[PDB]
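Student: Take this structure first; my questions come after.
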Amino acid sequence: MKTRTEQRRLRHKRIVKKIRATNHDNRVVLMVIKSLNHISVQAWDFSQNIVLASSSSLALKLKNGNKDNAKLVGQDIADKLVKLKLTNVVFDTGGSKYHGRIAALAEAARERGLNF
Amino acid sequence: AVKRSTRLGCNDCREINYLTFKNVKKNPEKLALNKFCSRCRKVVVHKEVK
Amino acid sequence: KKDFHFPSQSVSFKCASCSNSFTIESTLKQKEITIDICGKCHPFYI
Amino acid sequence: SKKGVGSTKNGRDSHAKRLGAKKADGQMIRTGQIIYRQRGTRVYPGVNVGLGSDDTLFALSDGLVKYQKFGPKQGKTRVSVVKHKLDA
Amino acid sequence: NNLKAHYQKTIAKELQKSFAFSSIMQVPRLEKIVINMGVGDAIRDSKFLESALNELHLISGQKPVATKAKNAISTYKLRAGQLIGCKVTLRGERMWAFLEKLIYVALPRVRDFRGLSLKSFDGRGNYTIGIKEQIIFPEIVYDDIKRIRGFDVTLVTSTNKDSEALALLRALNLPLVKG
Amino acid sequence: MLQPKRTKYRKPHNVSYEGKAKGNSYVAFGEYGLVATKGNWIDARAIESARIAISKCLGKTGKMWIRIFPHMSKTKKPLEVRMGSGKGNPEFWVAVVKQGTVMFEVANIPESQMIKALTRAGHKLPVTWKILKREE
RNA sequence: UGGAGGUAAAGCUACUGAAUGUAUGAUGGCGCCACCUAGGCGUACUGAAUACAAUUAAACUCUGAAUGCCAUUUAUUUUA
RNA sequence: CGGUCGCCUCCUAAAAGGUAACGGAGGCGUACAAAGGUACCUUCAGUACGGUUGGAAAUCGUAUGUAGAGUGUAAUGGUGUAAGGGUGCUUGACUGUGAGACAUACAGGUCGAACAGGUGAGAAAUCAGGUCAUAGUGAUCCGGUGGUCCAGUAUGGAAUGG
RNA sequence: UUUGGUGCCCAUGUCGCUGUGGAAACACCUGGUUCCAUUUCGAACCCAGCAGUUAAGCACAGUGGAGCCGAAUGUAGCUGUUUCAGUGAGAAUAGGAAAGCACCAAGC
Ligand SMILES: [Mg+2]
Ligand SMILES: [Mg+2]
Ligand SMILES: [Mg+2]
Ligand SMILES: [Mg+2]
Ligand SMILES: [Mg+2]
Ligand SMILES: [Mg+2]
Ligand SMILES: [Mg+2]
Ligand SMILES: [Mg+2]
Ligand SMILES: [Mg+2]
Ligand SMILES: [Mg+2]
Ligand SMILES: [Mg+2]
Ligand SMILES: [Mg+2]
Ligand SMILES: [Mg+2]
Ligand SMILES: [Zn+2]
Ligand SMILES: [Zn+2]
């Protein structure tokens, strides 16, 4: 009836609405977007509507789509967030079920000093 | 008025601490819920009391 | 999906006149069941 | 002669529920004060504004209340409480 | 399936050459064969419905999901929340296996498979086959429901034009009158 | 007797006839028309009387249009009844004619007969009528 | 200066009802046949739906004020 | 004489609110251990086409359609990724509270941030002190029932009270 | 600047029609042996890879067809005082309209 990306966009609209409705402490938002080839991550701030930190397979120059490079992406983005002195984050998926690459990246971010 | 109310009492101190509603005609089985108890100061099973 | 009691096993199918052992997956007996009217044994197709 | 008269059947009315807007734009407000009471969300909630069990909008922080118009054909209304933001 | 490879090579080349299709995947592709054997007898003799599923089960290799009506009708004794009808949707290898088994074993056993075509496409490229009797299907033992029924095998395709669906059918040799 | 087939509410509030002309202000089916100059309530009985008058004084090929329709009903308490104990029952339907509404229009017959016909139609109605023509 | 609203007005292809004419017309009534059931050719005429032109409403609204109301800003006045 | 007496929805009610009449229309004295809570997934009705039983209309496939569908109910308002449907786990359908407001003659009613205790869902953020919201309800006195760190008419009990 | 992602917006952002495109990326695609999944279907979700692919989607140019928006004049209702001064709609129209504002990653 649709294509996978539109359903992923639809789930993202739900998640964005929920986070913007309930995030009272104004935490930074760690958005991960997964594609068929690669997965990227960017930390927006919904109060200013800008990007504070970013990371991607293109940025990191990896043949991604594997759980191994997902560990590297999470480590890089968590390192960047620590350098930015922001540790209170909210984690949302691109509209995909939290599992596999998304779960590995999220768990990888947690052991490098993030609190979520 | 109709009487659909029932009392829920703890199963440790046997004290009645909650008041709820139940349809005896539809639901035939006794409630065996678990709620907070002021005396025991913890969560414990609460059953229907006549 | 899997874990079923009805196994789809690749069974061969023979026919009269023309042998034509067509192998098709089905959940039946594992032997050469002979069909009396197959596709090729019909005046309509040929 | 009166010949008698029939009887009327509808002379019944209910108590008026005190709904509507309570705080006007520009009025200062503390947390927990009502800004809009409604039956069904006639005014959407924004930032620093909550909801109740009767669809009642209440504030969550100090500031000036503020209405924002949004939605298709500009048919949706939204309220918010822009914090004092004195910020020295 | 060997005929699956036959489908790949033959359909690709001929359709592409037949219409100068600029890409191999421009050719139409068949998607899913839905089977829907539904009966309202589940309103009174529910037992029958169960047996129905098993025969359907025994035919395709997918257990059938029983469907429920979205309305309620007094004349049909229908009411919401009841199971009236099973639907099965085959994909991947199993769909081609069942399709091949139907056209080669089940279909030519039909008492009078004279066929109907050209007047069957829904205008979007689909195709429905209304089977009249169940006993003709090889995957069925003589013991069955006290009532015998048919089937409503249907087809889907990647293309949206009914003519291109017919062209794929001709390339696949689905045996109907002139179509 | 023009009558609405059904109505949602039997006893509605009356609709004022004071004001200018909302719709049905200009001849748009024929080309000669009978305008009103004083808003009043006129019932389907007067409409039917006027229509029968027009039809009787028409010819074999003349054509006529009735714009107004008696949409609104009115009540009347039974005689010898003191006020109270609810509203009376609906009795007759009247079409609300405001100052400037074209009620009847005629075409397809020579000018003198249509002018006379509109005169006889307006003598059956209480409002003071007037003839107007259609802009080219 | 800012706001809430849905009245007056207006509109009904923007809904719910009511409702006029023209054109195409489902539909029935009415016939005349064949056929005992599948139907067919015209329909004094009823009238779905569509298009054009025109209507009505406290409990109709795709719209839509003024006044009034609340708050604030400035000026003045009174200790209510 | 007939009719009505409490509470909820719409109009009259004149675009803040309020506003009466033996003015015009209706309902309620409930329903849900799921129709609550959470996490995840998902989105009309109708109509067109194509198809055995099967028929105007049961189910299937596809398209169209922007709400005429659903939201237990009388209306109103709201809500089409929602507040509608399905699934998994549960019982926050918690305890002690409660700054601040509304409306009000009073009595009563309504919303609620936030704190402590111990839980449920969820990776977490978060949500949960009953349901999309407004009717589903009756003061005091009197007596009965359970618990109880209070009293016990000289003292110990009991009776009788709190 | 362009591509890809996303927030803000909520049709002058749509629906549709005609063409062009891919370097990198986006996508279809290749398989279900692993984590995970179907009220049944690896369709979807989830895996691991880019063989093929520019139909799609997606991105560009044209398209005033449908939908949407809509000036000025005039008028209806309003406030006063007049029996005239402001306020000024709705409908209709000329007409506009093939979105716009920011952030991030890459060759630029
Ligand atoms: Mg009221
Ligand atoms: Mg009016
Ligand atoms: Mg209308
Ligand atoms: Mg009105
Ligand atoms: Mg009496
Ligand atoms: Mg007022
Ligand atoms: Mg009012
Ligand atoms: Mg209702
Ligand atoms: Mg649940
Ligand atoms: Mg619910
Ligand atoms: Mg007494
Ligand atoms: Mg003593
Ligand atoms: Mg292309
Ligand atoms: Zn206890
Ligand atoms: Zn043979």
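Student: Please report, in debye to the nearest 20, how large the charge dipole of region A:18-116 is about its Cα centre when each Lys and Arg carries +1 at its beta carbon and each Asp and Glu carries -1 there.
Tutor: With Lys and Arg at +1 and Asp and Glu at -1, about 180 debye.
Student: How many angstrom lie between the C-alpha centres of region F:100-130 and region A:60-99?
Tutor: Using only Cα atoms to place each centre, the spacing works out to 86 Å.
Student: While we're looking at this one, here's another question. Please report the relative contact order for chain E, taking Cα pairs under 8 Å with a sequence separation of at least 6, and give it as a percent rounded to a whole number.
Tutor: 27
Student: Taking chain F as a Gaussian network, where each spring joins two C-alpha atoms under 10 Å apart, which residue of F:103, F:83, F:114 fluctuates the most?
Tutor: So, out of F:103, F:83, F:114, the one fluctuating most is F:83.
Student: Also: Which of the three applies to chain A, rounded, prolate or oblate, going by the alpha-carbon gyration tensor with a ≥ b ≥ c and a/c under 1.5 meaning rounded?
Tutor: It comes out oblate by the Cα gyration axes.
Student: Kindly count the pairs of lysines across chain B whose alpha carbons are less than 24 Å apart, treating pairs on different chains or eight or more residues apart as eligible.
Tutor: So the count of such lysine pairs works out to 22.
Student: Enter the per residue convex hull volume of the protein assembly as shown, computed from alpha-carbon coordinates, in Å³ rounded to the nearest integer.
Tutor: 448
Student: Here is a further query. Could I have the simple spin-label model distance between residue E:39 and residue A:110, label points 7 Å from Cα toward Cβ, reported in nm to one decimal?
Tutor: My value for the distance between the label points is 5.4 nm.
Student: Here is a further query. Between beta-carbons, use under 9 Å as the cut-off and find the net charge around residue E:55, counting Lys and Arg +1, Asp and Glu -1.
Tutor: With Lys, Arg at +1 and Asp, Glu at -1, the net is -2.
Student: With +1 on the Cβ of every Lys and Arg and -1 on the Cβ of every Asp and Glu, and nothing else charged, how large is the dipole of chain B about its Cα centre, in debye rounded to the nearest 20?
Tutor: Around 140 debye, computed over chain B.
Student: Separate question: Taking the number of other C-beta atoms within 10 Å as the exposure measure, put A:57, D:53, F:112, E:120 in order starting with the fewest.
Tutor: The fewest-first ordering by Cβ neighbours comes to D:53, F:112, E:120, A:57.
Student: Restricting attention to region F:1-61, which trypsin sites (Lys or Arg not before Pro) occupy a DSSP loop and are surrounded by at most 13 other Cβ atoms within 10 Å?
Tutor: Taking region F:1-61 and a limit of 13 other Cβ atoms within 10 Å, the loop trypsin sites (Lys or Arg not before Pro) found are F:5, F:6, F:8, F:10, F:20, F:22, F:38, F:60.
Student: Follow-up. Region E:17-68: which trypsin sites (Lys or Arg not before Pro) are DSSP loop and have at most 16 other beta-carbon atoms within 10 angstrom?
Tutor: When the trypsin sites (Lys or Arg not before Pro) of region E:17-68 are filtered for loop state and at most 16 Cβ neighbours within 10 Å, E:29, E:32, E:44 remain.
Student: Working out 0.36 nm times the residue gap between residue E:78 and residue E:163, then minus their Cα-Cα distance, what length gain in nm do you get to one decimal?
Tutor: Full extension from residue E:78 to residue E:163 adds 26.7 nm.
Student: Assuming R0 = 45 Å, can you tell me the calculated FRET efficiency for the pair residue A:71 and residue E:23, based on Cβ-Cβ distance, to the nearest 0.05?
Tutor: 0.70
Student: Mind checking which of E:37, E:95, E:25 has the largest fluctuation in a GNM of chain E, springs on alpha carbons under 10 Å?
Tutor: Comparing E:37, E:95, E:25 in the GNM, the peak value goes to E:25.
Student: Moving on to the next point. Can you tell me which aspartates and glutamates have their Cα less than 19 Å from the Cα of residue E:32? Leave out same-chain residues fewer than eight positions away.
Tutor: Those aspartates and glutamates meeting the cut-off are C:25, E:93, E:100, E:122, E:152, E:162, E:164.
Student: Using the 10 angstrom Cβ neighbour count as an exposure proxy, how do E:51, A:56, B:38 rank, fewest first?
Tutor: B:38, E:51, A:56
Student: In addition: Sorted from fewest to most neighbouring beta carbons within 10 Å, what does the list A:93, E:10, A:3 look like?
Tutor: Fewest-to-most Cβ neighbours within 10 Å comes out as A:3, E:10, A:93.
Student: Select from D:10, D:70, D:56 the residue farthest towards the positive end of the dipole of chain D; place +1 on Cβ of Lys and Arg, -1 on Cβ of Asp and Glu, and compute about the Cα centre.
Tutor: D:10
Student: Filter F:22/F:56; D:2/F:38; E:77/E:101; E:70/E:146; A:2/E:13 down to the pairs with a C-alpha to C-alpha distance above 32 Å, please.
Tutor: Those over the limit are D:2/F:38; E:77/E:101.
Student: Name the long-range amide H neighbours of residue E:128: under 5 Å, sequence gap of 5 or more, or other chain; modelled H, no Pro or chain starts.
Tutor: Those qualifying (amide H under 5 Å, at least 5 residues apart or on another chain) are E:155.
Student: While we're here: Using the Karplus equation 6.51 cos²θ - 1.76 cosθ + 1.60 (θ = phi - 60°), what ³J(HN,Hα) coupling, rounded to whole Hz, does each residue of region F:102-117 give in order, writing x for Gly and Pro?
Tutor: For region F:102-117, the Karplus curve yields 7, 8, 10, 9, 9, 7, 6, 5, x, 5, 5, 5, 5, 5, 4, 4 Hz.
Student: Still on this structure, I have one more. Relative contact order for chain F: what is it in percent, counting Cα pairs under 8 Å that are at least 6 residues apart?
Tutor: Relative contact order of chain F: 42 percent.
Student: For residue F:75, which sequence-distant residues (separation of 5 or more, or a different chain) have an amide H within less than 5 Å of its own amide H, given hydrogens modelled in the peptide plane?
Tutor: Distant-sequence amide H within range of residue F:75: F:91.
Student: With runs of 4+ DSSP H residues as the only contributors, calculate the mean residue ellipticity of the protein assembly as shown at 222 nm using -39,500 (n - 2.57) per run, divided by the residue total and rounded to the nearest 500.
Tutor: Rounded to the nearest 500, the figure is -6500 deg cm²/dmol.
Student: Explain nothing, just the number: relative contact order of chain D, from Cα pairs under 8 Å at least 6 residues apart, as a whole percent.
Tutor: That works out to 25 percent.
Student: Could you list the chymotrypsin sites (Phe, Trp or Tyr not before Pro) in region F:1-81 that lie in coil according to DSSP, counting only those with at most 15 other Cβ atoms within 10 Å of their Cβ?
Tutor: F:9, F:26, F:29
Student: So what's the gap between the Cα centers of region E:36-73 and region F:1-79, to the nearest angstrom?
Tutor: 62
Student: May I pose another question? Can you find, among F:88, A:95, E:115, the residue farthest towards the positive end of the dipole of the protein assembly as shown? Put +1 on the C-beta of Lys and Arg, -1 on that of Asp and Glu.
Tutor: It is F:88.
Student: Have a look at D:78, D:12, D:30 and tell me which one the Gaussian network model of chain D (Cα, springs below 10 Å) gives the largest fluctuation.
Tutor: D:12
Student: Now for a different question. How large is the Rg to Rh ratio of chain B when both quantities use alpha carbon positions and Rh follows Kirkwood?
Tutor: 1.01
No Cβ is skipped: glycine too gets one built from the backbone with ideal geometry, and neighbour counts run over all protein chains shown. Read-outs: derived from the displayed coordinates by stated rules, not from any lab.
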